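>>> Experimental structure and sequence below.
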Amino acid sequence: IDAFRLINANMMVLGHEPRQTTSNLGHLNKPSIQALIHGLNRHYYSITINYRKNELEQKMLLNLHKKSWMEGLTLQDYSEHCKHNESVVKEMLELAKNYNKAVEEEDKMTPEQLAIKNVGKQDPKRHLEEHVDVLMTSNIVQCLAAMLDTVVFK
Amino acid sequence: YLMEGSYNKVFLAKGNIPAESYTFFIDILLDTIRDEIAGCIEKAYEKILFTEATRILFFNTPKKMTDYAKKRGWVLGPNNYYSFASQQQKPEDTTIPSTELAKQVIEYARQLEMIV
C-alpha cells in the first residue's frame, strides 16, 4: 500500500533537498527498485503507514471465519474409512520396498551426490513419513469420534 | 500339595503326622480346608447327591451340612445340590471401554503431536 505524494520539481530545479528529516521514522522501509526506476525520489516521496485495530472487530472476525459446526461429531464414511486405510497401505508396501532399495546405496559416493542425484526419482523417506502421518491422523480422529457418541448418545 | 488340586493326599498327610502332634496347626489346616471347599463348592457342579461332596471334606450328616448349605446356597433338597449359575449380567459393556479407551486415545495423541 505504498502511498505517495508529489514533491516539488521547482525545488528539484533549485537543487534543494526537501522534507527536512527531524525524526527516525521515515527511512525505515527500503524502496523498490521499480519505483526507483520511476519517479520515487525525483517527483514524490514515500509515506509510512500502520493499521488502526480495536478489540471489537478482531474477535468478531476471529470467532467468525472457519468454525466447523458439528463435523467432528460424525463418522466419515464408515464403509470407506477402513477401505481408504487399505488404499494407502497397499502402495505403502511397495514404497517400503523402495525403502528396502534406497538404504542399500549408503557407504557410497558422498551423500551430497545422493542429494544432486535424487532429482529425477522419488525418495521413499519423505514420501513414507507423509503416509504414516496421513494414516495416523486419519485413524485416531475417527477412532475417538466414534467413541464419544457411545457415551453421549445413551 | 495345597498348591495344586491335591486334596485327598492332604488328608493322607492328616493320616501321617510323623514328627510330633502338630495338632494346633492341623486344626488351622482343618479350617483352611473348610473355607476352601466351602468356597469352591460353588463351581460348575451340575447336581450332586448327598454322598460325594458330602464325604469329600469331613461331614456326612450333622447340621454342619445345614451350616454350609444355608450359609451359602447348594440348598438342602431331594438328594440334591442345586447348581445355580447365572454368569450373565456383568459383560456387554462398551461404555467402560468408551471411557477408559477414550482416555487412552488422548493418551496416544499427547505423545504423538505435542513436543515434550
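Looks like it came in fine. Numbering: from 1, shown residues only, chains lettered A, B, ... in the order given.
>>> In the helix or strand where residue A:60 lies, which residues are buried?
In this assignment (DSSP states H and E), residue A:60 forms part of helix A:56-62. In terms of neighbour count (16 or more other C-beta atoms under 10 Å in any protein chain shown), helix A:56-62 has no buried residues at all. Backbone N, C-alpha and C define where each C-beta goes, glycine included.
>>> How far away from the center of its chain is whichever helix or strand comes after that helix?
Tracing the chain C-terminally past helix A:56-62 and defining elements by DSSP H and E, one meets helix A:80-99 next. Going by C-alpha atoms, centre = their mean, to the nearest Å, the spacing between the C-alpha centre of helix A:80-99 and its chain's C-alpha centre is 27 Å.
>>> Over to stretch A:96-107?
31 Å.
>>> Near chain B, which residues of chain A? Just list them.
A:136, A:140, A:143, A:144, A:147, A:148, A:150, A:151 (C-beta under 8 Å from any C-beta of the partner chain).
>>> isn't the first one right up against residue B:112?
Yes. Residue A:136 lies in contact with residue B:112 (C-beta atoms under 8 Å); the separation is 7.1 Å.
>>> Tell me which of those two has more neighbours.
residue A:136 (14 against 11; other C-beta atoms under 10 Å in any protein chain shown).
>>> Then the more buried one would be within a helix, right?
Yes. Per DSSP: H, G, I helix; E, B strand; the rest coil, residue A:136 lies within a helix segment.
>>> Counting neighbours, what do you get for residue B:82?
Other residues within reach of residue B:82, judged by other C-beta under 10 Å, total 14.
>>> my read: it touches residue B:73, true?
Yes. With contact defined as C-beta under 8 Å, residue B:82 counts as touching residue B:73 (6.5 Å).
>>> distance of the residue nearest the centre of chain B from residue A:35?
Residue closest to the average C-alpha location in chain B (C-alpha atoms, centre = their mean): residue B:40, at 3.1 Å. Computed as C-beta to C-beta, to the nearest Å, the residue B:40 to residue A:35 distance reads 96 Å.
>>> Likewise for residue A:44?
Distance, residue A:44 to residue A:35, using C-beta to C-beta: 9 Å.
>>> if I look at the nearest residue to residue B:64 once chain neighbours are set aside, how far off is residue B:79?
Distances taken as C-beta to C-beta, 6 or more residues apart in numbering or on different chains put residue B:58 closest to residue B:64, at 7.7 Å, once the chain neighbours are dropped. Distance from residue B:58 to residue B:79, counting by C-beta to C-beta: 20 Å.
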